[PDB]
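Two forms, one chain: they're shown below as structure tokens, one block per form, named structure 1 and structure 2.
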Structure 1
């Protein structure tokens, strides 16, 4: 016998069709290219959680590859379908202005997207893709619906599933214009010797291992390629911002030492991001809710700092 599921298919997000789909075949073998909640489910077999959900059917068109590359800088023929189906969810989200910044109301595990949006409103940055920059322009004014849908598409993430704000910044900053961002590190191994690495681009602004920007300037531990544990320190930095990242741990945020930060309470499976910014005192933006603080001591994961140009003291 055949075990089926009841689902709905649509091509306009208005008129639906009842479908009893066979779990023996993929959605692509049923309907063609199919998307659900911002994810491509073309080569995906039906699963019991899909019952009652509506599926977006968008047939492929080779003539649109040139256009999609112009606006979004992508060659993925599924980007359009995932962007539209994710936007069908984000346009219903609420974007309240908290602490003079655009935040996002709690919905579909967007508490990590809220932290990404709040940090981007405080660092000087521009994106190369025209559609991503126009959406970023409207998001800074309050209309962040298209912007979050783009961030979801660029990260190959699904509406509802949790994500890391650090991982998402990696995927997003590849389309930023960090061409003139430069970072010079001096790795000091006690077997191999001293070593200059000139990192540029997305790598010149992001570090993983520590939250303190002064810790990187003075010296932070790191395993050398020979196996031994070495030490590297920042020699020259040249960008508009830096983003320090580290796994969750109790970090103490002082006033005037940083630009903004993100914290994460919970295990690896489930947790809640909240955003901290420095204005006249420390603000904590938990979605649509705001708290005020002289200082914050919690599980910080990412910290942002302002920069123009730095050089170590000889």
Structure 2
């Protein structure tokens, strides 16, 4: 009979040596099973699953009960996906680089580091108590729990490359952005001018341009009627803004921005490095730290600090 040697844990520290019978579901061996942040309760054991550690979560366990108030989520697989990915993120190294907490390269965490580095510089707060606890500990150097939560809130698996803008979007859904306000005036000369209002994550993020000043002057976006119109920023009541765009050559001048992220490589297979401005421009590539006065490379996301804004027009 087909067999395999897999370890299963309920504490992420103590392993249980187990033998499973292939052709039979993982859910039939020990119930709800999770591996590297993936709900693997209905998958049959594959050959490439040997020697790996699986997490088991009883449905009767009280940890599933008090899951909402602590994590602010309704997904039943959240606890298992978070605990299984936590077993792998405990193996990562979190070196302090340039005063900020980073991550050593492992399992394509090129994007997870860039997200963690950006959050340390923006004045942001999370409504979920688990995030605020892990976010604090992530700043002290112990960021294993924070990275596992990010993979759970983003429905990702350890080893899979993720997008920074997409991962920040799922994450900021649990952040305190109630007082965030963005007022945009769209001017279609065949439909007059109308004013839209975004609140929350939509008031902070934008996709299309990297320049905050370009948003203030005017960008092109399709109107509802079906033709190109121009829109510019009118009011901004947030602690920061995140500008996004595809990778392209872009000059980064000191003092004009807060931090940024670069992406070198093809679509869905590349490498993120973080750019931050302090006394000089820093380029944090996980554990490596290089300084330069001016950086010109393919950047995708640029952060700007803000308290309040009103147009001059």
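Residues that one form lacks are left out of the comparison. Positions refer to the first chain, counted from 1. Throughout, rigid core stands for the largest set of C-alpha atoms superposing within 1.5 Å between the two forms.
For the two-part rigid motion between the two structures, residue 26 is not grouped with residue 86, each C-alpha going to the part with the better superposition fit. Hinge motion between the two structures is captured by two rigid parts, the smaller swinging by 22° against the larger on C-alpha superposition.
If you overlay the core, the Cα of residue 52 moves by 4.8 Å between the two structures. Taking the core as reference, the C-alpha deviation of residue 67 between the two structures is 0.8 Å.
Once the two forms are aligned on their core, the segments of at least three consecutive shared residues with Cα displacements of 2 Å or more between the two structures fall at 2-34, 41-66.
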